[PDB]
There are 2 protein chains.
Amino acid sequence: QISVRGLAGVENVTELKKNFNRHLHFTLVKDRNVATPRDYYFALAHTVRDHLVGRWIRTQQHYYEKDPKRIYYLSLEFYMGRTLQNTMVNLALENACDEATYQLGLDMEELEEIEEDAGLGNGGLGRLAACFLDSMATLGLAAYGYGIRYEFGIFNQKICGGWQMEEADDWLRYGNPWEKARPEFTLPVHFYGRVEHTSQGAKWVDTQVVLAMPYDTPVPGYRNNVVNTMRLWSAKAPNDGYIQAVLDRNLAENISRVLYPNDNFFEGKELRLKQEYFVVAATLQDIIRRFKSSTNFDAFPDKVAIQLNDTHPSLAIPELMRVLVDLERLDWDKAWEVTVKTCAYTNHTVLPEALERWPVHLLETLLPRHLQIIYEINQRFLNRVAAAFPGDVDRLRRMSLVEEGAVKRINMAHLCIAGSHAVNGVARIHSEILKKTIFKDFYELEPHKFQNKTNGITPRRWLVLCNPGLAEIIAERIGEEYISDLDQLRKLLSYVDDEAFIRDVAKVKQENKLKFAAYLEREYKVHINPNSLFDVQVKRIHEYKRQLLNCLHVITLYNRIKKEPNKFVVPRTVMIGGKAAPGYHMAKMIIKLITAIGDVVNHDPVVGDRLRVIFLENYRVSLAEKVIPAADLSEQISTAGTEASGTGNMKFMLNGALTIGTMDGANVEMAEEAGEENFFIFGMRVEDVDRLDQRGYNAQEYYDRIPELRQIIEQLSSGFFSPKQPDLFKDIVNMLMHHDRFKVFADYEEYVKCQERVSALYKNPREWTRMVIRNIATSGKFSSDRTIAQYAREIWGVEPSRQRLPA
Amino acid sequence: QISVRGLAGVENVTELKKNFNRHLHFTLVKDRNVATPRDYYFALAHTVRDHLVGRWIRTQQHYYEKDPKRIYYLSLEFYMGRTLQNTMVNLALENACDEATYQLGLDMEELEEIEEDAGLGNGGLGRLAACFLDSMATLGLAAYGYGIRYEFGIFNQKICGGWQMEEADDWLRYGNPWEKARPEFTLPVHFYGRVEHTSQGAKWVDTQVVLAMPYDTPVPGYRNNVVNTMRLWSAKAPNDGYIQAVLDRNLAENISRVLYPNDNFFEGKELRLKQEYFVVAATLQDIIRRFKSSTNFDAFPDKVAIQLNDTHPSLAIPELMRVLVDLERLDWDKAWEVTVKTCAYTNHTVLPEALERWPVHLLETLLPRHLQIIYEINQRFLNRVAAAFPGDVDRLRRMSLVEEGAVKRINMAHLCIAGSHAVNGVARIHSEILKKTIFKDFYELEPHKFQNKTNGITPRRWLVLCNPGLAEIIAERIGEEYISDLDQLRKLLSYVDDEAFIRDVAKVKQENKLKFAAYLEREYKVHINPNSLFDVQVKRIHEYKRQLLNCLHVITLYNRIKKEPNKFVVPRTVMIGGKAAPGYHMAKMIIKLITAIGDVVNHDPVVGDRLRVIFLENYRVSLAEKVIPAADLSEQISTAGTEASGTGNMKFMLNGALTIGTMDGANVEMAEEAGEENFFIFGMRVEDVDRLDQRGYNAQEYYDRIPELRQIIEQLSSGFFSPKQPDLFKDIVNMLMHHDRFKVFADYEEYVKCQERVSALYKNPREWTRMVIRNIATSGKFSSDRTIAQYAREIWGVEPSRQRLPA
Ligand SMILES: O=c1[nH]c(=O)n([C@@H]2O[C@H](CO)[C@@H](O)[C@H](O)[C@H]2O)cc1F
Ligand SMILES: O=c1[nH]c(=O)n([C@@H]2O[C@H](CO)[C@@H](O)[C@H](O)[C@H]2O)cc1F
């Protein structure tokens, strides 16, 4: 049907069909008369998977022969989403499978909706890991994703009377056709025990053994016949009341049972620390094993790169020391040189509550050898500080990996900087903040370690896959090469005055909005006007992200309609979606406020279809693939300095939404690429927030001087949005008034005014669309292909390659 | 190579080979250079499984069309063993696969050794279920095995310093290629709650829900293209600290985690009762569902047969009442008629400690509605007794399903008799004992319910599969038809004086003994003379089975050698094997005694290679397939009246071992078939045991009057077999002397003397072999094909059929 979805060869369609029937019969053990759509999805999934394995086997053997440097991406999160369409896209099978299934009398699109998301992550950090693997494979890097195969991913979100309800995400109920269990590569991981000192060194003894069993998932590059591997570890009990002893095996296997659902919040639970060690211990053994199959650890760093996705796998550092010193008997200094040269650290946040700070009493019990190694790392590190800044005792307490207090803690960030040759932030403003604020001391000591690597998203999933209409019209004008070289979108800049392109861009947007409006009605009985502006904020619910600021605007528009009902307003559908961490009380209250606003606004007859507020339930990767292409306005309104980068922002820029946002994270670079005129910037810059903090933030001041704001607060307090529970929202008002760490009132005025400028441009479809084109055309920098090329050249020391392997 | 293993067609071998390579590549994702033997086994297993599915699908559809009466075999145990060779045998693929793998440069036999046993049973009762499914399929019955898919089967037995050690049997570590998960047929099972009474009837409410997910395993008939189904249920938590709530899902799923390892011993644990209800509830829903796809329950019994394998699924009876009365709203009497006409009960033991007697307080909490139904069943039943035997109040307490006492108990056997149209024992002597002793009352009330169905074993696994040499030489003389009509072995009786047959029978036995001797050395470093008589006792360790009697004989031979070293004795290798239930202290002591005897006897230089005592570790189905064909002497020495049938006994008769045994269980019928002259019978009959009990059993009497016995006891007490722990065996001696329920001393004299008659016949190879031939020739009755034909015609009301379905 459409050009970018590849060829439907006569030979190929016939082959796809007969293999589909072979799998329905032999793999699923069904005939055409009893098969349900789920059987059909599985038969297709098994058919497409057959096209991978040849390439998978060839790619792994090719690395064995050429022995290139290997990249190891360690992450507790891999937010993968669905695999089927992504695989078809990267293999050029999409039209072929469309044809093949059509001739069998099936709809491939309704088959794709049966696949469960692999929701093995929380949000941005997890999804960055997924975009990264795709880009690494597309760039021919000999790269491995390593993580935990969680039995339960992020919870499924239900809304009940406006409140979030959590359900276990049982994503493996029906099997996962994409993975291959490799029980033959199972490895022991140790916990507890004690340290013995002998003549020939320290010995870690009397340990509890948990087995790590690997599952391999293929990761295909874009049309280059490279298939890399994501290896995920599962916890298994070793084989040594009888009944009770058998039942208690589930204690050891609980390690890989469930993903922790905090995003941007640290929780010091033991099961979490076990998870962190488990992935690090099993992975390092695998890494070392692979290195020995090609005595001499001097070359280790020329053969191995280990990237740490936040501090979650920070134990990689003392684990590598442990193996090198205790088991391989290298001296301390030589082992330490290998370690630093091997490891690199990526920071994703500056929020203090998000940083991992592990109680010494936990590490002592669980990992007594690792604590000793850490104390020694600390002593030697602090001796370098003392030597470089003599007499500066304050520096020494600030820089210590050990934080003193009523409970002693290890600062895992400090550990990562000390044991890594490179530390990077994820956007230029965020990397600057690291050097000026929380890592200033470390930067002054080792300025060469600090780098920027601005985040990116994959144009395969985030354009070609979710938005075939837009990719198609682009390909008509400029060709197909941009899919793996997103800088070429800049050519689109010569079509900004082209009348036919303007209509085509606007046509695709209208189509996406129609389709999504129909999805809202069918799957959720929700009833929206597709001619309204689609105002969307989707991301995890967190105070720093300021869904509340969005809420206040929404209430302002409603109060403006009620004051002057017969006046023209540009109609909006305001959509807010995201999950709250189960124990984050405020976050849960925010969700309830949003639905409470919808209860009132959506059933007011005076409003009409001019204002709708929808809470988008169970936001996840596969929902983002649907709502992003449908969006007109992208909301990125975090208090300046708090959002390290953002990646949703890039997804929307790429898909023809305009951005309203603060000068925060990657927003700064997007606006710089598109031109500030083509972006709706508002609010405090980082410098302004700083000024407000020195002086003191008094929210009362904004309440006294802004009648429209006062009215909103009065409505919240008086029970206007909760008639049965008049005092339901007193926590929010109290917080907004007395301890708002994120200064929601300070940006309110400039936000509302900036929002009027958006409504104004939207009244002029032609000028709206030309601004869209200028965004899309300059979104090229935000390809994860660019990001990974920079990691490769500036951190890992490997050259990317766009060359095809043969089939 | 050999005729009974089928054709190796040129077309077939070429096809098997290319499918093997397809699975190695696409299913296992390996190339010929990295594959291990386990990969090779899996590729073969996936290839052979492809030949089943066509037939599997056709068989299930054929039943849908013809709508025959369905047989439902309910069992908590299915002792399956390995599936690969059995599948090849039943499909005639064995030579073809042998050729195909050979040409690929593989040894099929070493590939077969990689398959784990499905050890989903304890011993005899579990294995009878497995033989039954094979026979049902071979006889074209529309039959379903229903049970629990245990995550851990019977424990793996390790011997450490002579003591049993238990290891979790993790049989699914590497996957099970034979099963097909059917998550689409998942069903809710209820526990706890309470009973509400309304106007329209009783309602069971506030229940905990556990989900039952089915796994289908194919069961192929012998060369008839029938493939039936064994459906096994797995426990799953429903989807509704967050972390802790997710972790606690393992509480509900524990139901199907582990098989209880007691054989012939009841343990009243709650997890066991949950297991029993779970299989019964999920199965009955499936049964009822299937019946509705073809309102009117009058025809239910013409469409459904439910067989209860012991009392383990006795809850089938009140569950069926519950559904029929509470959910389908039929009146009590009509529902009860349907129930009785549907259900039938098989008893497997008369040992009082083995009978299930469930505390009312457990049933009350766990299954409060079922208890009410049981009380009502009891009341109405006792009214029929009272009416038939007026004034007999004693009968009424004896017959009650409710046993009075300090703790009230439900007698599950009494329930099964009341709710069943047929009750059967498993050998003629056992069925007679039921009518005269423990079920006398019930027999007097309803004499027509009581039947015999003498057990059998499948000649496919138990001859063709494990003993291809013997099957081959039989097929040479009499053809192949006997494999599915074992009565034809009677033709062999005209070869008893044939010189060539005599040499061939003896040749096969020598070959089996050589092979097994080499297995003992390779896998266990054990060092035996293959020219010695192979004296084997293999079965679970239980006092009633009298491994101890065997022990005393062994010690007697040793003391006879030491007394007169230079005298000729027929050399023996005495092999004893079996598992002990983990909490059965005595049973564990017996294992230690056996190895203690081996420690002394095996390293005495005066003994030479004249007497060896070996403990066969980890006895299980796949070990029985090896040792049975190698046996000369089969030991079946249970105290008369205690072994209901036995089935090992039949395995040995079939494979050319002679039997030494008591007139117990099926021993009586075997000796009757072969002629008493061709059997080594000894010891008390049932009548003699009875006489001894009336008088009182005083073991002291045998100790005073038999010097050889006194010497053994003195040796046991003085520490002759335990020099470091002189008093190690005082529990055994104490038991033997003061409270031996099984009268080991009473049979000792006649046992020893009968054992001398065996040594005598063994000195004359020609006459030994002719007696073997007379056993093999009359072992036909003991085919499970005969057994099932009798169940079908006399209990289920269906006609067996030997006719082939088409391929
Ligand atoms: O716990 C975290 N979870 C999370 O998703 N991140 C995000 O990581 C993303 C990837 O770098 C950033 O774009 C984003 O600004 C940042 O909040 C940062 C964390 F620290
Ligand atoms: O718990 C039991 N386990 C067991 O294996 N059985 C056996 O069941 C076999 C099958 O009927 C009989 O041959 C045998 O005599 C009998 O002991 C009987 C029981 F009651």
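Chain A is the first sequence line, chain B the second, and so forth, proteins listed ahead of strands; every chain is numbered from 1.
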Tell me, side chain or backbone of B/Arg49 under 4.5 Å from chain A's heavy atoms, or both, or neither? side chain
Need one label for A/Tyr242: side chain, backbone, both or neither, based on atoms under 4.5 Å from any heavy atom in chain B. side chain
Below 4.5 Å from any heavy atom of chain A, which atoms of B/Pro238 appear? Answer side chain, backbone, both or neither. neither
What heavy-atom pair brings B/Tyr215 and B/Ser234 nearest, and what distance separates the two atoms? CE1-CB, 3.7 Å
If we ignore angles and hydrogens, is there a donor and acceptor under 3.5 Å between the side chains of B/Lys158 and B/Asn618? no
Heavy-atom distances under 4.5 Å only: say whether A/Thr27 touches chain B with side chain, backbone, both or neither. backbone
Polar side chain donor-acceptor pair, A/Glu15 to A/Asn19, under 3.5 angstrom: no
Whatever's closer than 4.5 Å to a heavy atom in chain B on A/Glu253 counts as neither
Heavy-atom proximity to chain A below 4.5 Å, by part of B/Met213: side chain
Chain B contact via A/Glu166 - which portion, at a heavy-atom distance below 4.5 Å: side chain
Can you name the one residue among A/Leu120, A/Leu76, A/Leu232, A/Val258 that meets side-chain contact (heavy atoms from CB on, under 4.5 Å) with A/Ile148? A/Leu76
Heavy-atom cut-off 4.5 Å, strictly under: side chain, backbone, both or neither for A/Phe26 against chain B? both
Minimum heavy-atom distance B/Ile541-B/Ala587, with the two atoms named: CG2-O, 3.6 Å
Identify the residues of residues 52-59 of chain B whose heavy atoms come closer than 4.5 Å to a heavy atom of chain A, ordered by number, or report 'none'. B/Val53, B/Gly54, B/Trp56, B/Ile57
Which atoms of A/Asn239 come close to chain B, meaning under 4.5 Å heavy atom to heavy atom: side chain ones, backbone ones, both, or neither? both
